[PDB]
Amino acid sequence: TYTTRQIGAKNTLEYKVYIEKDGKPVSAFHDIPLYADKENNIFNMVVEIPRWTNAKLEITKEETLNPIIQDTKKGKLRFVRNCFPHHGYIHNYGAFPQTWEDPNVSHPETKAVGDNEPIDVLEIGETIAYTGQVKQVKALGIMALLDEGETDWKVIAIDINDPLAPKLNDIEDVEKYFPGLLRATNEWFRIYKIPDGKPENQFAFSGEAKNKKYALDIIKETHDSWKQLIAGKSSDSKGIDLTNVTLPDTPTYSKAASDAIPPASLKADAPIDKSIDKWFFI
């Protein structure tokens, strides 16, 4: 059973969320199995950012057991700006554990190196998720995002517990039940960093959303990349903390890393500067 351990108050630099397995903290990056049900294509997704929020929370790569923390820019907490007609993230945003977008090789289909983090997942279900949540989803498609010139695949997924899950099995179903979502998704990842001063991003295949099978192929590739990484065989792991507590055959295995995690110190959400309210029309 997966639960969460929160340190500090949300919206602060001290905020941390570790994922626990039977009350024992594990690495949110390496210790959670990619597959919930491999042959049925059911995955374990780690939710980082709930739909309609702004705080750029993520599984941090350079901290032991890889707790979810808030990203920063120039020493300041990072909040993704509101871009009309969107409000924060338009999907439950997160990642697939045991995956890695290899930065050391130029990916052929995109002609760019990976963005050095687990593959990204867009969960389109009706219910709003919570940070640290490990839910089971089924992949329906994938879009090749080139984020600031880097391979940044976005998987289109749906919680298996969603009332609409049995009716979704491939990408075309998405447009069927969620008309306009894929187009909005394209636009979002194209312009979300413009209010930051960054250039507009671009998509490969003209932003086309590839089907479920294509999605599985990419997911499995990034899984193998992580297999190489965790095995300690990458040419450059970039200082990523490979500490884990469930993989005894790997060189960075350390059961003790779990007990070293302080106890929960959950505090109420800290306030967010009023400027994040701003809706940008860009």
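Numbers for residues come from their place in the sequence shown, where the first is 1.
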Quick note on 126-134 and 169-177: per-entry mean CA temperature factor is higher in 169-177
Could you check the entry and say whether 94-102 or 205-213 has the higher mean CA B-factor?
205-213
For the listed 163, 141, 75, 114, which has the peak Cα B-factor recorded in the PDB entry?
163
Max C-alpha B-factor within the set 109, 159, 196, 120 falls on 109
Give the position of residue 268 by CA B-factor within its chain, expressed as the lowest, middle or highest third.
highest
By the record's CA B-factor, is residue 13 among the lowest, middle or highest third of residues in the chain?
middle
Taking the values exactly as deposited, rank residue 56 by C-alpha B-factor within its chain and report the matching third: lowest, middle or highest.
middle
Within this chain's modelled residues, let me know which third the CA B factor of residue 232 belongs to: lowest, middle or highest.
highest
For residue 67, the third of its chain into which the C-alpha B factor falls
middle
